>>> print(open('coords.cif').read())   # mmCIF, C-alpha atoms
data_structure
#
loop_
_atom_site.label_atom_id
_atom_site.label_comp_id
_atom_site.auth_asym_id
_atom_site.auth_seq_id
_atom_site.Cartn_x
_atom_site.Cartn_y
_atom_site.Cartn_z
CA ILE V 1 -62.66 54.39 73.03
CA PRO V 2 -61.74 56.74 76.01
CA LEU V 3 -62.04 55.90 79.73
CA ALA V 4 -64.91 54.92 82.00
CA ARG V 5 -68.16 56.80 81.37
CA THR V 6 -70.65 56.85 84.18
CA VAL V 7 -73.90 55.40 82.95
CA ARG V 8 -77.37 54.51 84.15
CA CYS V 9 -79.02 51.51 82.46
CA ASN V 10 -81.64 48.85 83.33
CA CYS V 11 -79.37 46.03 82.09
CA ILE V 12 -76.02 45.32 83.80
CA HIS V 13 -75.50 41.73 82.77
CA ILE V 14 -76.37 40.68 79.21
CA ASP V 15 -77.77 37.17 78.62
CA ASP V 16 -76.15 35.27 75.79
CA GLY V 17 -77.85 31.90 75.05
CA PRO V 18 -80.33 32.89 72.29
CA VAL V 19 -83.93 31.83 71.65
CA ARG V 20 -86.84 32.56 69.26
CA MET V 21 -90.20 34.32 69.28
CA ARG V 22 -91.88 31.13 70.59
CA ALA V 23 -90.49 31.41 74.15
CA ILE V 24 -90.45 35.24 74.43
CA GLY V 25 -93.52 36.89 75.92
CA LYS V 26 -92.75 40.53 75.32
CA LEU V 27 -89.74 42.18 73.80
CA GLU V 28 -88.77 45.54 75.22
CA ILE V 29 -86.42 47.69 73.16
CA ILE V 30 -85.11 50.89 74.71
CA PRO V 31 -83.46 53.42 72.32
CA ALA V 32 -80.06 54.83 73.23
CA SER V 33 -80.30 57.76 75.62
CA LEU V 34 -78.06 60.26 77.34
CA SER V 35 -78.05 58.06 80.46
CA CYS V 36 -77.59 54.80 78.64
CA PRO V 37 -75.47 55.32 75.42
CA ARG V 38 -76.73 52.04 74.03
CA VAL V 39 -79.93 50.25 73.08
CA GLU V 40 -81.36 47.89 75.70
CA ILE V 41 -83.33 44.79 74.78
CA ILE V 42 -85.27 43.12 77.56
CA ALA V 43 -87.27 39.97 76.89
CA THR V 44 -89.86 38.53 79.25
CA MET V 45 -89.87 34.75 78.87
CA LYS V 46 -93.36 33.22 79.27
CA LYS V 47 -91.35 30.84 81.47
CA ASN V 48 -92.24 32.38 84.81
CA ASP V 49 -91.95 35.72 83.05
CA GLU V 50 -88.19 35.52 83.48
CA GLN V 51 -86.71 38.83 82.36
CA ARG V 52 -83.52 38.67 80.37
CA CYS V 53 -81.32 41.38 78.94
CA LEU V 54 -80.08 40.70 75.47
CA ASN V 55 -77.26 42.08 73.35
CA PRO V 56 -78.54 44.46 70.64
CA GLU V 57 -75.17 44.20 68.87
CA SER V 58 -75.71 40.43 68.34
CA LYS V 59 -76.55 39.24 64.81
CA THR V 60 -79.25 36.79 65.92
CA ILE V 61 -80.72 39.42 68.24
CA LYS V 62 -80.83 41.88 65.32
CA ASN V 63 -82.54 39.29 63.16
CA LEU V 64 -85.16 38.47 65.81
CA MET V 65 -85.76 42.18 66.59
CA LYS V 66 -86.53 43.41 63.06
CA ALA V 67 -89.46 40.96 62.73
CA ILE W 1 -82.38 44.43 88.03
CA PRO W 2 -84.93 45.94 90.47
CA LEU W 3 -84.23 49.27 88.74
CA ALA W 4 -81.50 51.34 87.16
CA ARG W 5 -78.20 51.53 89.02
CA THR W 6 -75.57 54.21 88.40
CA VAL W 7 -72.50 52.45 87.09
CA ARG W 8 -69.04 53.28 85.80
CA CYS W 9 -67.44 50.71 83.47
CA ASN W 10 -64.84 50.60 80.70
CA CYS W 11 -67.15 48.62 78.40
CA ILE W 12 -70.42 50.15 77.17
CA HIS W 13 -70.98 47.98 74.11
CA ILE W 14 -70.25 44.25 74.34
CA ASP W 15 -69.02 42.80 71.03
CA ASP W 16 -70.77 39.46 71.31
CA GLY W 17 -69.14 38.58 67.97
CA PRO W 18 -66.94 35.46 67.61
CA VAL W 19 -63.19 34.73 67.89
CA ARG W 20 -60.44 32.41 69.13
CA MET W 21 -56.81 32.47 70.27
CA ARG W 22 -55.12 33.02 67.11
CA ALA W 23 -54.26 36.69 67.17
CA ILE W 24 -55.71 38.39 70.24
CA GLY W 25 -52.55 40.19 71.33
CA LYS W 26 -53.94 40.58 74.85
CA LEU W 27 -56.93 39.89 77.04
CA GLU W 28 -57.76 42.05 80.04
CA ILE W 29 -60.01 40.73 82.82
CA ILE W 30 -61.28 43.22 85.40
CA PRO W 31 -63.04 41.60 88.38
CA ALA W 32 -66.45 42.92 89.43
CA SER W 33 -66.09 46.12 91.44
CA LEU W 34 -68.20 48.49 93.47
CA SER W 35 -68.10 50.72 90.42
CA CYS W 36 -68.90 47.97 87.92
CA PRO W 37 -70.72 44.99 89.44
CA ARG W 38 -69.65 42.57 86.72
CA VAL W 39 -66.35 41.39 85.28
CA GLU W 40 -65.20 43.05 82.08
CA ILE W 41 -63.13 41.30 79.42
CA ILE W 42 -61.29 43.51 76.98
CA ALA W 43 -59.42 41.87 74.13
CA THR W 44 -56.77 43.70 72.11
CA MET W 45 -56.85 42.03 68.71
CA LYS W 46 -53.42 41.06 67.44
CA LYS W 47 -54.15 43.25 64.40
CA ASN W 48 -54.52 47.00 64.46
CA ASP W 49 -54.53 47.69 68.20
CA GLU W 50 -58.37 47.38 67.96
CA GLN W 51 -60.12 46.65 71.22
CA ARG W 52 -63.24 44.55 71.67
CA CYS W 53 -65.32 44.02 74.80
CA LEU W 54 -66.31 40.38 75.28
CA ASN W 55 -69.29 39.01 77.19
CA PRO W 56 -67.91 37.39 80.36
CA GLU W 57 -71.18 35.43 80.58
CA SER W 58 -70.72 33.98 77.07
CA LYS W 59 -70.06 30.21 77.12
CA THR W 60 -67.43 30.53 74.38
CA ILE W 61 -65.88 33.42 76.28
CA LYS W 62 -65.85 31.55 79.61
CA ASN W 63 -64.15 28.69 77.79
CA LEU W 64 -61.81 30.91 75.78
CA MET W 65 -60.97 32.43 79.20
CA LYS W 66 -60.61 29.20 81.22
CA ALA W 67 -57.76 28.34 78.80
CA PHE W 68 -55.50 31.27 79.81
CA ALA D 1 -29.31 29.96 71.05
CA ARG D 2 -31.69 29.78 74.04
CA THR D 3 -33.30 33.25 73.96
CA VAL D 4 -36.29 35.13 75.66
CA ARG D 5 -37.67 38.63 75.71
CA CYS D 6 -40.72 38.60 78.01
CA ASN D 7 -42.46 41.22 80.20
CA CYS D 8 -41.97 39.33 83.45
CA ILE D 9 -38.58 39.27 85.10
CA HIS D 10 -40.08 38.18 88.39
CA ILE D 11 -42.74 35.56 89.15
CA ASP D 12 -44.81 35.86 92.31
CA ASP D 13 -46.03 32.75 94.13
CA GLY D 14 -47.14 34.21 97.45
CA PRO D 15 -50.89 33.37 97.23
CA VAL D 16 -53.03 36.48 96.58
CA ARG D 17 -56.62 37.30 97.48
CA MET D 18 -59.22 37.25 94.75
CA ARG D 19 -60.38 40.65 96.03
CA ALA D 20 -56.96 42.27 96.25
CA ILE D 21 -56.53 42.35 92.47
CA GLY D 22 -57.68 45.32 90.43
CA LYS D 23 -56.87 44.02 86.94
CA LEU D 24 -55.45 40.95 85.24
CA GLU D 25 -53.65 40.64 81.90
CA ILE D 26 -53.11 37.48 79.94
CA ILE D 27 -50.57 37.78 77.17
CA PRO D 28 -50.41 34.35 75.41
CA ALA D 29 -47.26 32.53 74.31
CA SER D 30 -45.53 33.87 71.22
CA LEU D 31 -42.27 33.28 69.43
CA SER D 32 -40.84 36.24 71.34
CA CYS D 33 -42.16 34.83 74.63
CA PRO D 34 -43.01 31.08 74.30
CA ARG D 35 -44.55 31.32 77.73
CA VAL D 36 -47.96 32.59 78.73
CA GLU D 37 -47.84 35.61 81.03
CA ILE D 38 -50.39 36.82 83.58
CA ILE D 39 -49.78 40.28 84.97
CA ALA D 40 -51.95 41.48 87.84
CA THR D 41 -52.54 45.07 88.87
CA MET D 42 -53.07 44.71 92.61
CA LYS D 43 -55.63 47.11 94.09
CA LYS D 44 -53.17 48.19 96.79
CA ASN D 45 -50.74 50.74 95.36
CA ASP D 46 -51.86 49.43 91.96
CA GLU D 47 -48.63 47.51 91.82
CA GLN D 48 -48.18 45.24 88.83
CA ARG D 49 -46.80 41.76 89.27
CA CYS D 50 -46.64 38.42 87.50
CA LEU D 51 -48.36 35.32 88.79
CA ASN D 52 -47.52 31.75 87.85
CA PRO D 53 -49.89 30.54 85.12
CA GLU D 54 -49.21 27.03 86.47
CA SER D 55 -50.10 27.90 90.08
CA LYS D 56 -53.30 26.72 91.80
CA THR D 57 -53.88 30.07 93.54
CA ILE D 58 -54.08 30.99 89.85
CA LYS D 59 -55.98 28.02 88.36
CA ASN D 60 -58.59 28.52 91.09
CA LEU D 61 -58.36 32.27 90.65
CA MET D 62 -58.86 31.75 86.92
CA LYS D 63 -62.47 30.84 87.66
CA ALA D 64 -62.97 34.60 87.42
CA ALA U 1 -118.94 31.72 74.37
CA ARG U 2 -115.66 33.37 73.29
CA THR U 3 -113.23 36.22 74.16
CA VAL U 4 -110.33 38.24 72.65
CA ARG U 5 -107.66 40.21 74.55
CA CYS U 6 -105.47 42.68 72.64
CA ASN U 7 -103.94 45.65 74.50
CA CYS U 8 -104.57 48.12 71.69
CA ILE U 9 -107.81 50.10 71.28
CA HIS U 10 -106.29 52.72 68.96
CA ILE U 11 -103.64 52.42 66.22
CA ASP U 12 -101.64 55.59 65.64
CA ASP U 13 -100.98 55.71 61.89
CA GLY U 14 -99.55 59.24 62.14
CA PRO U 15 -95.71 59.44 61.69
CA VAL U 16 -93.34 59.50 64.71
CA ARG U 17 -89.62 60.26 65.27
CA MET U 18 -87.28 57.78 67.01
CA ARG U 19 -86.34 60.99 68.72
CA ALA U 20 -89.53 61.06 70.88
CA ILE U 21 -89.66 57.37 71.75
CA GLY U 22 -88.86 56.15 75.23
CA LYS U 23 -89.35 52.52 74.31
CA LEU U 24 -91.31 49.96 72.39
CA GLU U 25 -92.94 46.92 73.96
CA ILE U 26 -93.37 44.56 71.01
CA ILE U 27 -95.83 41.79 71.85
CA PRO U 28 -95.85 38.71 69.49
CA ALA U 29 -99.02 37.59 67.73
CA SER U 30 -100.82 35.33 70.20
CA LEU U 31 -103.86 33.07 70.21
CA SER U 32 -105.66 35.73 72.32
CA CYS U 33 -104.42 38.48 69.98
CA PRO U 34 -103.94 37.18 66.45
CA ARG U 35 -101.59 40.06 65.62
CA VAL U 36 -98.42 41.68 66.95
CA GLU U 37 -98.84 44.78 69.09
CA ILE U 38 -96.18 47.50 69.27
CA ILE U 39 -96.77 49.91 72.19
CA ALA U 40 -94.61 53.01 72.27
CA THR U 41 -93.95 55.11 75.35
CA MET U 42 -93.33 58.60 74.06
CA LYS U 43 -90.55 60.54 75.81
CA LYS U 44 -93.11 63.34 76.13
CA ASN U 45 -95.43 62.75 79.12
CA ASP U 46 -94.39 59.07 79.00
CA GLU U 47 -97.49 58.59 76.87
CA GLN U 48 -98.27 55.09 75.65
CA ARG U 49 -99.75 54.48 72.21
CA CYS U 50 -99.92 51.71 69.61
CA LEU U 51 -98.29 52.06 66.20
CA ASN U 52 -99.07 49.95 63.10
CA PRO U 53 -96.56 47.04 62.86
CA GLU U 54 -96.87 47.50 59.10
CA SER U 55 -96.19 51.21 58.89
CA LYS U 56 -93.03 52.82 57.47
CA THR U 57 -92.46 55.27 60.32
CA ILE U 58 -92.07 51.97 62.23
CA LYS U 59 -90.19 49.74 59.83
CA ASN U 60 -87.51 52.41 59.28
CA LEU U 61 -87.72 53.13 63.00
CA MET U 62 -87.07 49.40 63.37
CA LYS U 63 -83.35 50.26 63.75
CA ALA U 64 -80.57 47.71 63.16
CA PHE U 65 -77.72 48.61 60.74
#
>>> encode(input="coords.cif", output="C-alpha cells")
Amino acid sequence: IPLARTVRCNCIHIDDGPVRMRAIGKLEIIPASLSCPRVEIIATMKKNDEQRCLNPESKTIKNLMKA
Amino acid sequence: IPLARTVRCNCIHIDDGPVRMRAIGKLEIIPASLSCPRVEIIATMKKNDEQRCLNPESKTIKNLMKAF
Amino acid sequence: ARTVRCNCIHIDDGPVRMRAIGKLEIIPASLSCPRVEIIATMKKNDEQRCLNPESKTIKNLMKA
Amino acid sequence: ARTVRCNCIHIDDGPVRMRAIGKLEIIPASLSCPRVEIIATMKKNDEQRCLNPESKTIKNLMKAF
C-alpha cells in the first residue's frame, strides 16, 4: 500500500463474468514476476479462441485453477 | 492485449471480493489515463482505514458505482 | 437544531469536461453529512472542487 | 481409421521449483486427448516441457492460498 509502481503485464483489464472448464480451451497461468508483481490467468475460450484475463484473487477462479 | 505494455497504476491487485454501501467510508474513481489505460476504483472501507481495489468492469461494481 | 459539517462549502455547476478531471471522490451521506458529496481533482492545477450529485453533467459523467 | 492428438511426447516426473517456471499452459482433458496436459515454460532458455498433472511438485506448485 504505497504509490504507483510501474509494471509490465500481459493483462490490463480483468474479465469478471465467470465460467467453467467446459468453455475454456486453454488456461494460461503466469507466476508473479519482477515485472508483473501478480499472477496472470489467461483463458482461451473455444469460442473463437477469445482470450480473457481473469482475476487470480477470485474465489471461483482459485477453485477452477486448482483442478 | 497485442503484447505487454508498460503501465503505472495505483492498483496492482484487484479485490474482486463482494460488498455494498453500508460502510465504505469512501470510493475513489480515477478515469483511464495515459499512464493507466483503465479506470481504477479504490474503496476505503468504513472500518480500519483498509483500502480495496475494485474491478471497474464488475457488474456489481458498475451498479454499486452508478448509484453514487 | 438544523446542523451540518460537510467537506464542501462550495458547489460547482459550471459543466466540466470528462477529460479535465484527474480524480473523483464519492463520500456517501452520513449522519454528519446527510448529503452525498462528490469531490473532483481537476487535472489542471490539480484543484479540488465539489460537483452537484444531482447535476446532469454529473449523472452523464457518472457513466465513468 | 482413427487418430489421437496430445501435445506431450515426454512427461517430466523430475521435481521442479516454482522459481524456474515462466508459465503453465494447462489444457483440459479433451476427446482428442483423454487427459489434461500441463506444459511448463521454464524461465531458463524458455524451455517447454510437460509435467505430470498428478505429481506433487505440481500439486503443491498448484498455488492458491
>>> resolve_selection(input="coords.cif", expression="the PyMOL selection byres ((chain U) within 10 of (chain V))", output="count of residues only")
27
>>> atom_distance(input="coords.cif", atom1="atom CA of residue 12 of chain W", atom2="atom CA of residue 29 of chain W")
15.1 Å
>>> resolve_selection(input="coords.cif", expression="the PyMOL selection byres ((chain U and resi 15) around 6)", output="list in words")
residues 14, 16 and 57 of chain U
>>> resolve_selection(input="coords.cif", expression="the PyMOL selection byres ((chain W and resi 31) around 8)", output="PyMOL selection string")
(chain W and resi 29-30+32-33+38-40) or (chain D and resi 21-23+64)
>>> atom_distance(input="coords.cif", atom1="atom CA of residue 15 of chain V", atom2="atom CA of residue 38 of chain D")
27.8 Å
>>> closest_atom_pairs(input="coords.cif", of="chain V", to="chain W", cutoff="6 Å", atoms="only C-alpha atoms", output="Markdown table")
| residue | atom | partner | partner_atom | distance |
| --- | --- | --- | --- | --- |
| V:4 | CA | W:10 | CA | 4.5 |
| V:5 | CA | W:8 | CA | 5.7 |
| V:6 | CA | W:8 | CA | 4.2 |
| V:7 | CA | W:7 | CA | 5.3 |
| V:8 | CA | W:6 | CA | 4.6 |
| V:9 | CA | W:4 | CA | 5.3 |
| V:10 | CA | W:4 | CA | 4.6 |
| V:16 | CA | W:58 | CA | 5.7 |
| V:58 | CA | W:16 | CA | 5.8 |
>>> write_last_selection(input="coords.cif", atoms="C-alpha atoms", output="CSV table (one decimal), in the coordinates of the input")
chain,number,residue,atom,x,y,z
V,4,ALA,CA,-64.9,54.9,82.0
V,5,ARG,CA,-68.2,56.8,81.4
V,6,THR,CA,-70.6,56.8,84.2
V,7,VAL,CA,-73.9,55.4,83.0
V,8,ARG,CA,-77.4,54.5,84.2
V,9,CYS,CA,-79.0,51.5,82.5
V,10,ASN,CA,-81.6,48.8,83.3
V,16,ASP,CA,-76.2,35.3,75.8
V,58,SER,CA,-75.7,40.4,68.3
>>> atom_distance(input="coords.cif", atom1="atom CA of residue 39 of chain D", atom2="atom CA of residue 62 of chain W")
19.1 Å
>>> axis_aligned_box(input="coords.cif", around="segment 25-37 of chain W", padding_each_side="3 Å", output="AutoDock Vina command-line options")
--center_x -61.6 --center_y 45.3 --center_z 82.4 --size_x 24.2 --size_y 16.8 --size_z 28.1
>>> interface_residues(input="coords.cif", of="chain D", to="chain W", cutoff="12 Å", atoms="only C-alpha atoms", output="tab-separated table (two decimals) with C-alpha atoms, keeping the file's coordinate frame")
chain	number	residue	atom	x	y	z
D	17	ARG	CA	-56.62	37.30	97.48
D	18	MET	CA	-59.22	37.25	94.75
D	19	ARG	CA	-60.38	40.65	96.03
D	20	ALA	CA	-56.96	42.27	96.25
D	21	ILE	CA	-56.53	42.35	92.47
D	22	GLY	CA	-57.68	45.32	90.43
D	23	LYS	CA	-56.87	44.02	86.94
D	24	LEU	CA	-55.45	40.95	85.24
D	25	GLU	CA	-53.65	40.64	81.90
D	26	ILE	CA	-53.11	37.48	79.94
D	27	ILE	CA	-50.57	37.78	77.17
D	28	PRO	CA	-50.41	34.35	75.41
D	29	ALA	CA	-47.26	32.53	74.31
D	30	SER	CA	-45.53	33.87	71.22
D	35	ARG	CA	-44.55	31.32	77.73
D	36	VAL	CA	-47.96	32.59	78.73
D	37	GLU	CA	-47.84	35.61	81.03
D	38	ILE	CA	-50.39	36.82	83.58
D	39	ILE	CA	-49.78	40.28	84.97
D	40	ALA	CA	-51.95	41.48	87.84
D	41	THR	CA	-52.54	45.07	88.87
D	42	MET	CA	-53.07	44.71	92.61
D	43	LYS	CA	-55.63	47.11	94.09
D	52	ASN	CA	-47.52	31.75	87.85
D	53	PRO	CA	-49.89	30.54	85.12
D	54	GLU	CA	-49.21	27.03	86.47
D	58	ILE	CA	-54.08	30.99	89.85
D	59	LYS	CA	-55.98	28.02	88.36
D	60	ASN	CA	-58.59	28.52	91.09
D	61	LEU	CA	-58.36	32.27	90.65
D	62	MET	CA	-58.86	31.75	86.92
D	63	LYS	CA	-62.47	30.84	87.66
D	64	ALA	CA	-62.97	34.60	87.42
>>> residues_near_point(input="coords.cif", point="(-32.7, 29.1, 73.1)", cutoff="12 Å", atoms="all atoms listed in the file", output="number ranges by chain")
D: 1-5, 31-34
